[PDB]
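Every number for a ligand or one of its atoms is a count from 1 in the order of the listing. For the numbers below, each heavy atom of this structure counts, side chains included, while hydrogens, waters and symmetry mates do not. Proteins come first, then strands; the chains are lettered A, B, ... in the order of their sequence lines, and each starts at number 1.
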Amino acid sequence: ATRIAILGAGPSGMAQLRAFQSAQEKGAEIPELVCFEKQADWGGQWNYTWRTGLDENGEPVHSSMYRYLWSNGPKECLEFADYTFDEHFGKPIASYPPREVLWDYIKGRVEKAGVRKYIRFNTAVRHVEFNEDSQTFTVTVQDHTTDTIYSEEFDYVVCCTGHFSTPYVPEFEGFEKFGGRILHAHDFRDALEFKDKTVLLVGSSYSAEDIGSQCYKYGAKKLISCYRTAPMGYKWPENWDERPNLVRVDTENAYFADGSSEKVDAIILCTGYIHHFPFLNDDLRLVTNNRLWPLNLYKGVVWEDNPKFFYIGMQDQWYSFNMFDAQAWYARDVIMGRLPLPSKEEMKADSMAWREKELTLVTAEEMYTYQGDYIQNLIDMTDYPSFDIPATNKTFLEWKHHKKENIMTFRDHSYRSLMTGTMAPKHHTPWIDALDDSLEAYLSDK
Amino acid sequence: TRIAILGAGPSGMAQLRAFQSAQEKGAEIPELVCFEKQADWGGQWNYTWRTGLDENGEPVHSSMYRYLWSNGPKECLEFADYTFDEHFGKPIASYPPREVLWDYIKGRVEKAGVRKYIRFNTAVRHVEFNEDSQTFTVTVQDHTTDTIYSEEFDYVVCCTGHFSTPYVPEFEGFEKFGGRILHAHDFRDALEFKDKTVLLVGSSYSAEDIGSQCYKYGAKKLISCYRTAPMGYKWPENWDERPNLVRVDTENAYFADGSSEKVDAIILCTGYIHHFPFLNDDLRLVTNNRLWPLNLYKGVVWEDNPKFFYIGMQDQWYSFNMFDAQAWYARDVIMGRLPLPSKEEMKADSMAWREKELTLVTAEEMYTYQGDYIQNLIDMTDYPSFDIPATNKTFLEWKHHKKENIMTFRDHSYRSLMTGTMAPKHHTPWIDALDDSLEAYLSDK
Ligand SMILES: Cc1cc2nc3c(=O)[nH]c(=O)nc-3n(C[C@H](O)[C@H](O)[C@H](O)COP(=O)(O)OP(=O)(O)OC[C@H]3O[C@@H](n4cnc5c(N)ncnc54)[C@H](O)[C@@H]3O)c2cc1C
């Protein structure tokens, strides 16, 4: 029988399992599946941990997610086309659910799919090697439950290990002398730790504004955002200052290209992440900056130097969960022989055409629309439930407008589901006052 | 032949120095390549502000923190081939700060001229033994070029340490605790805990000292809980000893006796695991931290593959002089100077050492054991013999001074066992010596 290795059981790994299960449910014969996951449970980023740095087994802590994290875009923009919010929750819910609520949702799909049986948890992928003599992959893993290292043979490999977990952490002059905490966004966990404190937020990557917003919400004395890029455009609260790039620090103070100086209690480097695959040699290893179109990926999924190796979710993310679905459905159909691949030259030429287009994008609206077009291209090739992508783009547009109107209240807005048409109700508590982040409090009418 | 040395900490440096000394005496030495993931040598001694993952996404290696001073008497770590009198040109106190000790460590290794063998910013990804060619393939990631390459080697000496990958147990309610939870490995600056109540869990390597640093730099209260036997130390007024932790909530810690207390931060001083992600089970050492790990002939030679070597993998009562003794021995085995017995005979010898290890109860017995182990290694090579029995006695003096007063043991002086020099009293008592710089230590203050 054909054997598939799925690396990671986050949203992308779960999507790959769901894809194969969906084909089987429709009556098709699917290959044997093995999914490796270093954590004790599925959900990837969405599986919260108090741990930072290295985990219970000495593996790098994967999740970058923090307490009180809520959906950053409308839930309506990440809804599964094959498993709606209506089906899972049985009632309408607001448009920006807390982490635990969205975790419950993504788990619900694969729980009902019955795919947990394919996953080996607490198992870290150590190496993937392609054997030219057999046309198969040797995947070496460390099972931390047995404390054993073993390897198995696989015909295809799908890498779903994410790219928002290995931090890019630049040093600034004086960091060794600084008296307060220095952490990366990746280590940020509890905004309460910074109550009545002055927090310096360095950079403009994914979590810069939200981490600042959490610190604000949970009672930080002052926030300072310093970054090299163009103004974020947002009207910050009274106790929140903006600065140009940080230059140096001392024992207590930060110094900027401004010439200005200020006392800071903690520094949070919101400087992003690197694509990091220590289990892969250079023949298979994706090397790219975070962007909408990394090269060497045919249809953004197929590794062009070895078309039996696949990557899911390695692009920067406006769309997320239903993008991973589109990708997983495509990867499944290629593996199952339903979508034969063109030549290596033909693959590269297609990938370059998408790259050329990527380089022309100049607005946020053009960016998510480009990703929408990419997803539309993927779903047209498979049996993934068709959904309204132009209407999803307009929801993103509305979300963008809401952030412009007020950066602290954008999460209080409601949107129409594009799968069911369900109009999300107003939440029972404004975001700024909703200090309890639990699933229980969110789903309760109070 | 070609040798791969994994890591350029004290152990990797010891292995390099072993070969260079053999060459200095007129012998023909194998080709040496040392792989080190950090930007410079020193291992633990290369302090960093960084925690968790480094600039390249590799686990941060050093566990060392600001204000760290020598653990025991410097006289007990003093190099058998390079004295403190040689390096500093003057007598200094018995417990030098990290920077001062590092100056001393780097002084010997710079003199040896072994830096040329080391490839820095380079992380070892995999080591695999090839049965067909009887050689090792070492796969490596050069972070300067961001390229992964492999090279062939005849022998491999693993010096990657065992105090860097933390054992981090979970307690009930950790998910909801409102304060910082960190491992000793993540501890950097005691000033972060000024005016705060700190809970220290466990009794591993840095438990006592981390609490002492927090105390010295202005922590409000300190609470210690552990599973091992109490030492009966005379802790300060704001230092509290409790039964072991069972539970936490949003801001309180709950203990076995039923008592509770508000805590601002929790530091898990719970030790480390032997973790070698670059090795498969054929070469991979599996052991708890102890004086005699199994499968290591003379504590060094991997018994399932005698061409693989481990340095410094034992628990460290002795440190630098042990790595030297081990490195000199590994060198002599690699060079064919010392023939190895059979696998069956190697394992029998290891069992005898293990059975002896299991009889040990007191600190004195454990020092003597490790001292005996080191003497055995030195007897087989040309490494200069040193006064082990008197070193044991100096260790026990230190232990006696810790029992007299845990906060002032660093103010005591001890006699050098290499030169006979009695260490002078430091110009500033430990509790008042807030500056940890080399400049402030060596000058008149
Ligand atoms: C702080 C933060 C907030 C975010 N907020 C949102 C949001 O609000 N809305 C949204 O749509 N998206 C958000 N995202 C984007 C996020 O990337 C996606 O939502 C989603 O989690 C991506 O899923 P994934 O499976 O591709 O990767 P991940 O979720 O990161 O999952 C990867 C999985 O692979 C496993 N793995 C990695 N290496 C190994 C190994 N060597 N061996 C075994 N297993 C391994 C990991 O344990 C993990 O389970 C956020 C991301 C971050 C970092």
Side-chain angles (χ1 to χ4, degrees), chain A residues 5-17 34-49 51 55 57 59-80 95-99 101-103 105-106 110 119-128 139-144 158-167 184-189 205-211 214 270 272-273 275-280 290 301 311-325 327-328 368 371 396 399 411, chain B residues 57 277:
Chain A
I6 301 162
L7 316 181
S12 286
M14 290 151 86
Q16 195 58 258
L17 291 167
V34 178
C35 178
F36 299 101
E37 168 60 55
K38 61 167 171 179
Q39 296 182 235
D41 204 8
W42 48 21
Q45 287 285 167
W46 302 88
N47 184 207
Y48 176 79
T49 185
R51 297 174 182 280
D55 74 9
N57 304 314
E59 306 291 342
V61 169
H62 184 83
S63 184
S64 302
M65 286 201 169
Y66 38 88
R67 298 189 72 179
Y68 332 122
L69 184 151
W70 291 27
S71 188
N72 56 29
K75 76 167 199 283
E76 288 73 23
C77 296
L78 54 68
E79 192 167 9
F80 304 129
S95 284
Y96 297 85
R99 178 205 54 77
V101 177
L102 285 186
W103 186 46
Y105 172 63
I106 66 169
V110 285
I119 308 162
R120 301 178 192 174
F121 292 98
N122 207 32
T123 305
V125 181
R126 281 290 175 254
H127 200 68
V128 186
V139 182
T140 305
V141 299
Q142 185 171 13
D143 185 332
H144 289 294
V158 188
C159 178
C160 306
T161 54
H163 64 280
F164 292 138
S165 292
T166 310
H184 189 268
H186 178 67
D187 310 312
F188 181 74
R189 289 294 183 271
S205 297
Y206 197 95
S207 296
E209 46 194 56
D210 200 71
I211 289 177
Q214 299 310 334
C270 304
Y273 297 88
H275 280 71
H276 178 69
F277 310 99
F279 48 90
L280 300 175
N290 188 46
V301 174
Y311 283 98
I312 310 296
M314 291 306 161
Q315 291 77 15
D316 196 15
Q317 286 152 24
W318 295 88
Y319 284 79
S320 54
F321 298 165
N322 57 45
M323 179 169 70
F324 314 145
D325 280 0
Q327 294 184 318
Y368 59 74
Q371 193 156 76
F396 273 124
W399 163 72
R411 288 196 167 96

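- Looking from atom 27 (O) of ligand 1 to the surrounding protein, the closest heavy atom is A/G162 CA, 3.6 Å.
- With respect to atom 18 (C) of ligand 1, the closest heavy atom belonging to the protein is A/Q317 OE1, 3.5 Å.
- The closest approach between a heavy atom of A/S71 and any atom of ligand 1 is below 4.0 Å.
- Considering only non-hydrogen protein atoms, atom 26 (O) of ligand 1 sits nearest to A/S12 OG, 2.6 Å.
- Using a 4.0 Å cut-off to heavy atoms of A/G8, the atoms of ligand 1 that qualify are 34 (O), 35 (C).
- Ranking the protein heavy atoms by distance from atom 39 (C) of ligand 1 puts A/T161 CG2, 3.8 Å first.
- A distance-only check finds a donor-acceptor pair linking the side chain of A/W399 to the backbone of A/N72 [under 3.5 Å].
- The single protein non-hydrogen atom nearest to atom 28 (P) of ligand 1 is A/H62 NE2, 3.6 Å, given as residue, atom name and distance.
- Considering only heavy atoms from C-beta on, A/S207 stays 4.5 Å or farther from A/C270 through its side chain.
- Close approach of ligand 1 to A/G44 (heavy-atom distance below 4.0 Å) involves ligand atoms 29 (O), 31 (O), 48 (C), 49 (O).
- For A/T123, every heavy-atom contact with ligand 1 shorter than 4.0 Å involves the backbone, none the side chain.
- Heavy-atom separations between A/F321 and ligand 1 include at least one value shorter than 4.0 Å.
- Between A/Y66 and A/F188, the ring planes are perpendicular. Angles over 60° get that label, and only those under 30° would be called parallel.
- Closest heavy-atom approach to atom 14 (N) of ligand 1 within the set A/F164, A/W70, A/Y206: this belongs to A/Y206.
- Listed by number with element, the atoms of ligand 1 under 4.0 Å from a non-hydrogen atom of A/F324 are 20 (C), 22 (C), 23 (O).
- In this structure, A/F36 has its ring center no closer than 6.0 Å to that of A/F279.
- The option from A/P11, A/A15, A/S320 that lies nearest to atom 11 (O) of ligand 1, judged by heavy atoms, is A/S320.
- Atom 29 (O) of ligand 1 has as its closest protein heavy atom A/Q45 N, 3.1 Å.
- Across the listed options A/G13, A/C35, A/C160, A/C160 owns the non-hydrogen atom lying nearest to atom 33 (C) of ligand 1.
- The closest heavy-atom contact to atom 47 (O) of ligand 1, among the options A/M14, A/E37, A/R120, comes from A/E37.
- Taking the six-membered ring where the residue is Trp, the centroids of A/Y273 and A/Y206 are separated by 6.0 Å or more.
- Contacts between A/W42 and ligand 1, counted as non-hydrogen atom pairs separated by less than 4.0 Å, are absent for every part of the residue.
- When only non-hydrogen protein atoms are considered, atom 21 (O) of ligand 1 lies nearest to A/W46 NE1, 3.3 Å.
- Remark: ligand 1 atoms within the under-4.0 Å shell around heavy atoms of A/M65 are 3 (C), 4 (C), 5 (N), 50 (C).
- A/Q317 is listed as a side-chain neighbour of A/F164, based on a closest heavy-atom distance under 4.5 Å.
- Of all atoms in ligand 1, listed by their number and element, those nearer than 4.0 Å to a heavy atom of A/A124 are 42 (N), 43 (C).
- Heavy atoms of A/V125 found under 4.0 angstrom from ligand 1 belong to the backbone as well as the side chain.
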Take A/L78 and A/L102 through the test side chain to side chain contact (heavy atoms under 4.5 Å, CB included) and record every step on the way to the result.
CA-CA 10 Å; A/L78 54 68; A/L102 285 186; 4.1 Å; yes
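- Annotation: atom 1 (C) of ligand 1 to nearest protein heavy atom, A/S207 OG, 3.5 Å.
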